[PDB]
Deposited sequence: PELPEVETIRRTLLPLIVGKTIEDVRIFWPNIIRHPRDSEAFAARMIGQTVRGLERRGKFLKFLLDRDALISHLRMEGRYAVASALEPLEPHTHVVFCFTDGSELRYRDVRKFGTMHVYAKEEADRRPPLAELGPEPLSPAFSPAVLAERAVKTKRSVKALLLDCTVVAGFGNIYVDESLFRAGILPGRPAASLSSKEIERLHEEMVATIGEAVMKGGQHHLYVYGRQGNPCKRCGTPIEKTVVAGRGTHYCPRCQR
């Protein structure tokens, strides 16, 4: 799921788990657990804690318990569900948090690609994977000036810059391509080659694109199809190690 979908999960999952107390934690694929390193320690430490809140940072979900925070990243296909302990599990269920009320929070992932880290709450923001995360794209802390400062300092492409989690939190491939299209900037342009005007416009379109999504596509996945603005066939290439979609006429 991308940032808007993670926000939807945050909002919808919270009332389904708040105030529930963890009775057991069952782990069927230990490699998902990244901290503590031993999955048995991860399970043991969560027992007896009550869920107090659920926050989002970029695409990370931060489950707030009594003492600990559980930091979860779903990557491309990870999913959470709340359901009865009496019912059979769905396929690809890797971690289950069992509550005292006979309900469960279940983590599934066909790709087995997601991650979980647990730390004392006061520690979580200074440890991986949250340490060094850049500002929320919809926050005043992500500004044209912040973006300009990062862009001038790098040799990388503008696409590479926007995909960098230290620059801006959880701005995914789809939204990078869409924002660059809407701003009229080629993804392969060196970040340092962007004018002040281009940086301002890019910031504006990033906020608009992801803001709209949290509340249709021009380029992403539309290679070979006509651009919706000018009719030129959308092209796809590799930029910053990712499939990258753009209109060669609208973007410069």
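S.K.: Any chance you could give me the deposited-sequence numbering of all the stretches lacking C-alphas?
M.R.: 216 to 220 is the sole stretch of the deposited chain that has no C-alpha coordinates in the structure.
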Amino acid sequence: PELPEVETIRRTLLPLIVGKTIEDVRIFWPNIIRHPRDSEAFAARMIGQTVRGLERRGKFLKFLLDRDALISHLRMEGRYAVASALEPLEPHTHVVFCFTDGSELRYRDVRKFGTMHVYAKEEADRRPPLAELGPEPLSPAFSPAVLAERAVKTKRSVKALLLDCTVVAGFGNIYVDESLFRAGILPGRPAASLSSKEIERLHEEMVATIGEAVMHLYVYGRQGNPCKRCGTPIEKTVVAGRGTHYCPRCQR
From here on, numbers count along this sequence of modelled residues.
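S.K.: Read off the CA B-factors in the entry, average them over 145 to 153 and over 164 to 172, and name the higher stretch.
M.R.: It is 145 to 153.
S.K.: Once you work out the mean C-alpha B-factor for both 98 to 106 and 84 to 92 from the entry, which is higher?
M.R.: Comparing averages over the C-alpha atoms only gives 84 to 92.
S.K.: Have a look at 35, 45, 197, 57 and flag the one whose Cα has the highest B-factor in the entry.
M.R.: Among 35, 45, 197, 57, the highest C-alpha B-factor in the entry belongs to 197.
S.K.: Highest CA temperature factor in the entry: which of 213, 183, 41, 64?
M.R.: Comparing C-alpha B-factors across 213, 183, 41, 64, the top value belongs to 213.
S.K.: Taking the C-alpha B-factors as the PDB entry records them, is residue 202 in the lowest, middle or highest third of its chain?
M.R.: CA B-factor rank for residue 202: middle third.
S.K.: Please say which third, lowest, middle or highest, residue 159 falls into when its CA temperature factor is compared across its chain.
M.R.: Residue 159: CA B-factor falls in the middle third of its chain.
S.K.: Hey, what third does residue 12 fall into on Cα B-factor, ranked over its chain?
M.R.: It belongs to the middle third of the chain when residues are ordered by C-alpha B-factor.
S.K.: Test of reading the entry: by CA B factor among the chain's modelled residues, which third contains residue 21?
M.R.: Answer is lowest: the recorded C-alpha B-factor places it there.
S.K.: For residue 124, does the deposited CA B-factor place it in the lowest, middle or highest third of the chain?
M.R.: Middle third - that is where residue 124 ends up once the chain's C-alpha B-factors are sorted.
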